[PDB]
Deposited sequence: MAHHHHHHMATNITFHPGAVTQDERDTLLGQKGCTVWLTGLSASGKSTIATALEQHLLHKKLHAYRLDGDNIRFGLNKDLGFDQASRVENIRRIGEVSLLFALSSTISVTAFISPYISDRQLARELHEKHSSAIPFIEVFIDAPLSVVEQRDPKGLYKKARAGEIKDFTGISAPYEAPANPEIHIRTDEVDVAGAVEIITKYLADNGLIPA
């Protein structure tokens, strides 16, 4: 009982068979703003809804796929480029891809977006501004990164963060808790047809 047409499955075929549409949920924000805390909680929530969702962050990218990359300007650009391509591949597989990198530069995030929006069939790219004040992330500072200021070119302290002008989702994590941030993102996905009811 094995059936297939010649060639590759189309995107509509895959989406229909798996009962799910792929997209990229692109988190951006300062260190300690809550990207990682929100991404792992959102991923679990979606998995409880029987949805394929997968988090991309430093833990599974930096020392594997991108282990060849340094911290010079060219390396940083290439790091985001490759994360953009990988996130697109996950979306093409009918998975909700959640990226949790500071991604400070407008141009880098824009090129990741264009890979999705210019894809032969356009793939949703949902930019989520995880927005916490500098005073809040310095008070949080769960790794001591802000106190070191012994660390150079640090986003928001000694390097620039380029805030998105008008992202698809804007979440102020000093006024919404983790569950509320997960609720906001999931409701956006549901209201835009990307996950079932």
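K.L.:
Residue ranges with no C-alpha coordinates, please: along the deposited sequence, counted from 1, in order.
P.N.:
Counting from residue 1, the stretches without coordinates are 1-11, 161-163.
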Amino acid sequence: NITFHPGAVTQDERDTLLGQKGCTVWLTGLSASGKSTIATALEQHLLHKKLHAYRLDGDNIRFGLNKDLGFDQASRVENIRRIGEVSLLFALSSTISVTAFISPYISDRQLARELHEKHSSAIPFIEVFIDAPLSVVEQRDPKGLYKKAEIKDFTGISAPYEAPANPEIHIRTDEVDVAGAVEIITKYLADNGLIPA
From here on, numbers count along this sequence of modelled residues.
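K.L.:
Hey, which bit's got the bigger mean C-alpha B factor in the entry, 133-141 or 38-46?
P.N.:
For C-alpha atoms only, the mean B-factor is higher in 133-141.
K.L.:
Averaged over C-alpha atoms, is the B-factor higher for 178-186 or for 21-29 in this PDB entry?
P.N.:
Here the higher of the two C-alpha B-factor means belongs to 178-186.
K.L.:
Taking the Cα B-factors listed in the entry, which of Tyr54, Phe63, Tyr146, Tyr161 comes out highest?
P.N.:
That would be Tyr146, according to the entry.
K.L.:
How does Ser121 rank on Cα B-factor within its chain, lowest, middle or highest third?
P.N.:
Tercile = highest for this residue's CA B-factor.
K.L.:
Ranking the modelled residues of this chain by C-alpha B-factor as given in the entry, is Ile151 in the lowest, middle or highest third?
P.N.:
Top third by C-alpha B-factor.
K.L.:
Could you place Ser94 in the lowest, middle or highest third of its chain by Cα temperature factor, using the values in the record?
P.N.:
It belongs to the highest third of the chain when residues are ordered by C-alpha B-factor.
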